[PDB]
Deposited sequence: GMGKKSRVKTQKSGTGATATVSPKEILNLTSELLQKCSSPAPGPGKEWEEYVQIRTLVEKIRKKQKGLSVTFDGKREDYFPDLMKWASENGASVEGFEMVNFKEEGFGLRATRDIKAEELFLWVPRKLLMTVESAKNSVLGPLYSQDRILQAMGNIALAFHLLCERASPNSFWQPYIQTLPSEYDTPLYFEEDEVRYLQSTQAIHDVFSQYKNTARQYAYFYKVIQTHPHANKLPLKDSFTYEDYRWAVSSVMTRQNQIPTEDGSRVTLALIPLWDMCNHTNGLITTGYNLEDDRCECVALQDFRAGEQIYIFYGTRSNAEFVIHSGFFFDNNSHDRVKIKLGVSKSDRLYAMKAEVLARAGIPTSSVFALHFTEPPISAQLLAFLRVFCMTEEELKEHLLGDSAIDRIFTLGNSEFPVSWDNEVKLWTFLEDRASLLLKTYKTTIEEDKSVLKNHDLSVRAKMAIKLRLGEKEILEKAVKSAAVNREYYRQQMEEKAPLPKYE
């Protein structure tokens, strides 16, 4: 009791310590503390007597009573994705088959008007971060046995596959990747928030009535933030003025497949509406397309790795150096094109590996002084800036050879900073028997390297292609 207080205070101090070479050691340090607290607590404060599926009939009845679609599908525990919706009749592509009225959602607005409302006005984090407001909304209603939203809360999972639930050795597979630093931040964010709100809830007057004051475990918080990150959605407010974050019951039981977004908010009728992404025959699982997220984002925020994610990408940080003889001119061209002199870009799995904005950056980054002047002076300078991201209008063959040479060298260098090779990773997946979470970790580190390798090959092809145009003295597109 008083020992949990001292433990969380220690946790708050360490997790508020600034960024520290030593990121893995800090992660293991925080982990050791977190696990010490968790092992001294009783797991989830509120648990339900039934199995998860025993509550799906109540969800359907409650949703039906409040105007949601409840016919044409059923809940099924699928091995690959967990629970999901399965069609009980044939559903045709583009059919409006699912709808959920606003009254059923949990939103920041409904959090503010809940028992959490006093604390929400007083606390700066809750007012500034709707995702965290949503998480505590979820916890308070979970502990309120007569909550309007109990039918939804009693059908949520009780654990997730976000990295907050990984073993240390499962995270260890990600050492030397880009992704591990986002795993580190999420762990430290969540530990710091648990410690801070544990203190707040124990002492703040406006929290005295919260059921969390009786019991608020680390398990509770990890559960609530993972529920929110894997399921939250952005929707308009009632008046269409602003956006807010919302949990959307029933429809959020749909699992993910490749495609286009087919879910939208109907403001005139004040409900979420989902049309069929494809034909679903009776007996087929109903999927939606979650969004164009990277596999790092799917693993870290959504808790799964999606094979054949055509939107996969890795980050690359680039910038014009202040030590560049042409820094001022390059900075001005970038500013006129609306591009910063330094930021993080992406390398994409699909061809081409770079976006128009990264192509524009690389062209400027590789420009001679005469080329830069052509982008700053004269009536055509604005037109040149306009086409700076267009692969069909090169500044010059020479500029292209230089930028593609740079990208090939840089992607190759990045590949050399990984602890394992692509072939070693494929051998591990082939010959080791792994947990779901371990396989997520290894497929993520493999995919980072596969994206880089494709960028090396694409850049090599482009460099050679533009070398030939430069040798054949070919004319530039006008």
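In sequence order, the deposited residues that have no C-alpha coordinates form the ranges 1 to 22, 43 to 44, 503 to 504.
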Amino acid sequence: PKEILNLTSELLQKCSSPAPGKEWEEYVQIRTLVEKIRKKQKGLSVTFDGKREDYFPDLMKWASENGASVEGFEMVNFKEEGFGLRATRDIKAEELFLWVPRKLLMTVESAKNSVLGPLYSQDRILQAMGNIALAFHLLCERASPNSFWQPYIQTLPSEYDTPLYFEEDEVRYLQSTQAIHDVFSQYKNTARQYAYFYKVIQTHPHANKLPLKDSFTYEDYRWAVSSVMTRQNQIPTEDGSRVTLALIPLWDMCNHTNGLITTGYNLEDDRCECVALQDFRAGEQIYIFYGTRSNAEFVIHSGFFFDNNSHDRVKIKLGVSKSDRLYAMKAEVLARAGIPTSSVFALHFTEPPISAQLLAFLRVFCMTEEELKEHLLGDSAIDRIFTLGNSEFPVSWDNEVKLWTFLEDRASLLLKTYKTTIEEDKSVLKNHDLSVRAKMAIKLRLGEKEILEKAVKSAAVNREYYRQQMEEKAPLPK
From here on, numbers count along this sequence of modelled residues.
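Here, rigid core means the biggest group of C-alpha atoms that superpose within 1.5 Å across both forms.
Farther from the shown form on average, by C-alpha root mean square after a core fit in 6 other deposited structures of this protein, is 426 to 434, of the stretches 426 to 434 and 51 to 59.
Larger root-mean-square CA separation from the shown form, computed after a rigid core fit of the structures in 6 other deposited structures of this protein, is seen for 370 to 378 when 370 to 378 is set against 131 to 139. In this entry, the higher average B-factor at the C-alpha atoms falls on 36 to 44, of the pair 36 to 44 and 63 to 71.
Higher mean CA temperature factor between 103 to 111 and 209 to 217: 209 to 217, per the PDB entry. Out of 360, 326, 300, 171, the entry records its largest CA B-factor for 326. The entry assigns its greatest Cα B factor, within the set 163, 240, 291, 84, to 240.
Annotation for residue 188: C-alpha temperature factor in the middle third relative to the rest of the modelled chain, per the entry. Ranked against the other modelled residues of its chain, the C-alpha B-factor of residue 345 as given in the entry falls in the middle third.
Ranked by C-alpha B-factor against the other modelled residues of its chain, residue 423 falls in the highest third.
Looking at the C-alpha B-factors along this chain, the one for residue 271 belongs to the middle third.
For residue 248, the recorded CA temperature factor ranks within the middle third of the chain's modelled residues.
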